[PDB]
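Order of the sequence lines fixes the chain letters, A, B, ..., with proteins taken first and strands second; residue numbering starts at 1 for each chain.
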Amino acid sequence: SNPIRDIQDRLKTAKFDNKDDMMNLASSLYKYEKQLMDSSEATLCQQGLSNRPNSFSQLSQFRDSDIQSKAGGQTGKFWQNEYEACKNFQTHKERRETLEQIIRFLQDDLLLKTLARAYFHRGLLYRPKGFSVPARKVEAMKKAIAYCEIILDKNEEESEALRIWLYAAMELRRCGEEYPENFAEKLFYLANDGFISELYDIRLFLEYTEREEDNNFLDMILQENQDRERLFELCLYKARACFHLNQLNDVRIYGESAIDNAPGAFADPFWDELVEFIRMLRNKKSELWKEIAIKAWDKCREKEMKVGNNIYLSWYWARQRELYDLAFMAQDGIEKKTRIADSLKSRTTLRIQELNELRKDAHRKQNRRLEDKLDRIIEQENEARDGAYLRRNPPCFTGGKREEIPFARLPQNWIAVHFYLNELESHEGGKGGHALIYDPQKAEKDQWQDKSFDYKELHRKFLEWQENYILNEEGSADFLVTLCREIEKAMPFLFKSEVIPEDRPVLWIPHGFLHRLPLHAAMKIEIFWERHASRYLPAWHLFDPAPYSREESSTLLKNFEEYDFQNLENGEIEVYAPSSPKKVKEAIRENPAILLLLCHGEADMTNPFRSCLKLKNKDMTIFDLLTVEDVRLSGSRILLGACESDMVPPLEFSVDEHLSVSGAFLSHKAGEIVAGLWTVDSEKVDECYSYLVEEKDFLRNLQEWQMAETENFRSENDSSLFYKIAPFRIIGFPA
RNA sequence: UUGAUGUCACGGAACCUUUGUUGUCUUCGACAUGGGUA
RNA sequence: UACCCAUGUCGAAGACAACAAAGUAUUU
């Protein structure tokens, strides 16, 4: 760079009456000091300035207090202008460096106004991730307000300071803070000014419109120029303005235009404003709200498809859940309600499944560098669930052939129950819980029912059982019985034949914490499994019946030396013990007909990827399973004898997901998995899985086993015995 | 100087990064002071 | 507003110049 030479050139030209000369001189001297403070390579310059008496006189004149302090504000304003010009050509890092340079340089009303605007723009860079806002965003907006109030304490008519103050106050509200005090009075001054300086002002005059109920300024908005980059956002403001003028057809037109041009990135503020607009329409009870909500859902669903990995998916798309709640309430058709519900489920597991598919093709083609990319994405996802900072942008992957599965592809003798837990409806005091039930044998106009229930008390009793389980654990059996009776209290329709016809099998597609429950064990005494056999899927778009594996080979791997599994160890399947993770990795690439694993297991309390199987000399985690190079399990049947092999951490993740060990095996396209929702007894495991292996029809045989044990439950209604029958469930839907 | 049928704050390491360092022969010769006489 | 010299004595430097706190990613 050679900044010393730049100081020479400026000192040749400069005269002290001229703004540009002093602006340039101040800039050059500041850059010199900056390079010294950075210990830059420019510090190797040992040269000095020539014409020493002249240079001394000119520097001594510049460093007059008024001259340099005058030049400071002008340099700051010039940099602030050039930033706001090139802002959308810069990357984030260099936008940040520009703004922080301005702030450090400026740390007179011109200076204070420039510094307030710089802090306002520095805050705008921070974006919420998940349901959390960065603290520094709030900090920046509060500092902008603090600087603004020095000017406004002595000149309340100053338009720029007032506007910056109002912008920062609106951002505080957006972050979930309250408005600062005397917001109303200052917002009334702004309307006494009555002119749009910048795009943000349109949002202020609408706030004024909604507060003073005054329509004068709406014609300014409707006449605003269309030659803008963020056209979708301007059109959304047009729609609001038309609504206050009751120009409802133009509201429809502008709203449709805004949604049709929505941006791809869910980090964009457009997506917040759209949901606020729909909530405004709904709260004013306008009939337009149902049209706009369904189009907004369709656009959001279209663009979720283009999100590149689970990290961005968890950060930014997860915040759009309320839009699906609103669209679910707008939509009256039950099948279309079910489509809206299903589009929210297991969006991360879908991408893990696609990565597992990609790894197959890389291995068979020996594309090593692609395997490293596939490993990096899983590693970074594991980091993100620990909340760690990511140094590198995670890579993006295009999706698989995501066809929309027709509901007609369910076989004719089944019943399907689709759950949805609408938080917005629940929080407003409605039922909020929905069960959408499909009977494919009826005429098409009668094939769907929609049953609704209140899930607050069921969720409380779930949390209560969960905590008692973590602390006791088997002393929690009474709380399990309480929860299972609460299932029937909440969903009394489960035991009515006009809802679920006689003795047909049921497929469950849960949502939220309902993935955690033993719905097959709902207790009227009569248990649900006495009426129907049950099967589970995480989501309907994962429905994919494939044939069972053809291989004439099966394996039992055991690392469990406290106990003798007399029934399993005298079957026709050969047993290898004590099994290490290497043996599991070997069996997993032979595509066995039946694979049994008998070992201890443990679900993690914080991060799903750390849930593990306790094998001989080393634990095998979900992270290990999802990074095994060569895996061949298409159509295999898997029986997990491990405790908590279908459990997940006692937390609510930002997106709907059930990443248990069983879920990990399903993401490798296993045919069906049997696993435990909590701790499992070794004798019950032995006697259940021996019968399943002998009679190779898991759906009927698990029901027969459950019924045959229930007759010993009835003689005394012992909670401890029910605690031992209930945990087993089947996941997956083979051909 | 509380308000009451509901407080995990013993629910949170002032933590993290930084070389008292860079340059210098224990050497060596002409200099002080202000008048005096016509 | 000209001219002329006269006397022989004696240690010096003892730290100086620079820096005097500065930084501390939240994301296509």
Subject >> Sugar of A22(C) - north (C1'-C2'-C3'-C4' positive) or south (negative) >> reply: north
Original post:
Would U26(B) and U27(B) be classed as stacked, given the thresholds of under 5.5 Å between six-membered ring centres and under 30° between planes?
Top reply: yes
Original post:
Does the pair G35(B) and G36(B) meet both stacking conditions, six-membered ring centres under 5.5 angstrom and ring planes under 30°?
Top reply: yes
Original post:
Relative to the ring of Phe120(A), is the ring of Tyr167(A) parallel (under 30°), tilted (30 to 60°) or perpendicular (over 60°)?
Top reply: tilted
Subject >> Non-hydrogen side-chain atoms of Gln74(A) and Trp79(A) separated by less than 4.5 Å >> reply: no
Original post:
Taking centres under 5.5 Å and planes under 30° as the test, is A15(C) stacked with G14(C)?
Top reply: no
Original post:
Is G11(B) in the syn range, within 90° of 0, or in the anti range?
Top reply: syn
Original post:
In terms of ring plane angle, is the pair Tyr312(A) and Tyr316(A) parallel, tilted or perpendicular, where the classes change at 30° and 60°?
Top reply: parallel
Original post:
What pucker does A14(B) show by its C1'-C2'-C3'-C4' sign, north or south?
Top reply: south
**OP:** Could you tell me whether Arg347(A) and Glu304(A) have a side-chain N and a carboxylate O separated by less than 4.0 Å?
**Re:** yes
Original post:
When every nucleotide of nucleotides 19-28 of chain C is labelled 5' to 3' by its protein contacts under 4.0 Å (heavy atoms), B for base, S for sugar-phosphate only, - for none, what sequence of letters results?
Top reply: ----SSBBBB
**OP:** For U27(C) and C10(B), measure between their P atoms and round to the nearest Å.
**Re:** 33 Å
Original post:
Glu644(A) and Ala603(A): which non-hydrogen atoms are nearest, and at how many Å?
Top reply: OE1-N, 2.8 Å
Original post:
When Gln101(A) is tested against each of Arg96(A), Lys34(A), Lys31(A) for side chain to side chain donor-acceptor pair (under 3.5 Å), which residue passes?
Top reply: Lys34(A)
Subject >> Salt bridge flag under 4.0 Å for residues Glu198(A) and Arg117(A) >> reply: yes
Original post:
Would you say the side chains of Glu602(A) and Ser611(A) form a donor-acceptor pair under 3.5 Å?
Top reply: no
**OP:** Please measure how far the P atom in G29(B) lies from the corresponding atom in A15(C), and state the result in whole Å.
**Re:** 24 Å
Original post:
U27(C) pairs with which nucleotide, Watson-Crick or G-U wobble, both distances below 3.5 Å?
Top reply: none
Original post:
Mind checking if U24(B) stacks on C25(B), six-ring centres under 5.5 Å, planes under 30°?
Top reply: no
Original post:
Which letters describe nucleotides 5-12 of chain B, given B = protein heavy atom under 4.0 Å from base, S = only from sugar-phosphate, - = neither?
Top reply: --------
Subject >> Distance, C1' atom - from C16(B) to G20(B), rounded to whole angstrom >> reply: 23 Å
Original post:
In whole Å, what separates the P atom of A13(B) from that of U28(C)?
Top reply: 30 Å
**OP:** Would you please test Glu177(A) and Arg173(A) for salt bridge (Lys or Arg N to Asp or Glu O under 4.0 Å) and show each step?
**Re:** CA-CA 5 Å; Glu177(A) 305 302 317; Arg173(A) 192 57 272 201; over 6 Å; no
Original post:
Which word best sums up how the rings of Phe513(A) and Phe462(A) line up, parallel for under 30°, tilted for 30 to 60°, or perpendicular for over 60°?
Top reply: tilted
Original post:
What integer number of Å spans the P atoms of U27(B) and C16(C)?
Top reply: 22 Å
Original post:
Do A21(C) and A22(C) stack, judged by ring centres under 5.5 Å and ring planes under 30°?
Top reply: yes
**OP:** Could you tell me whether the sugar of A18(C) is north or south, judging only by the sign of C1'-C2'-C3'-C4'?
**Re:** north
**OP:** Calculate, to the nearest 0.5 Å, the distance between atoms CD and NZ belonging to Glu82(A) and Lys87(A) respectively.
**Re:** 14.5 Å
Original post:
Which sugar class, north or south, is indicated for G12(B) by the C1'-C2'-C3'-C4' dihedral?
Top reply: south
Original post:
If you sort sugars by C1'-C2'-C3'-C4', with positive as north and negative as south, where does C19(C) go?
Top reply: north
**OP:** Pull out every stem in RNA chain B, meaning runs of 3 or more consecutive Watson-Crick or G-U wobble pairs with both distances under 3.5 Å.
**Re:** B:16-18 with C:21-23, B:20-24 with C:15-19, B:26-38 with C:1-13
Subject >> Nearest-angstrom distance, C1' atom, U21(B) to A20(C) >> reply: 14 Å
Original post:
Do the ring centers of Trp271(A) and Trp317(A) come within less than 6.0 Å of each other?
Top reply: no
Subject >> Electrostatic pair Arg203(A):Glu273(A) at N-O distance under 4.0 angstrom >> reply: yes
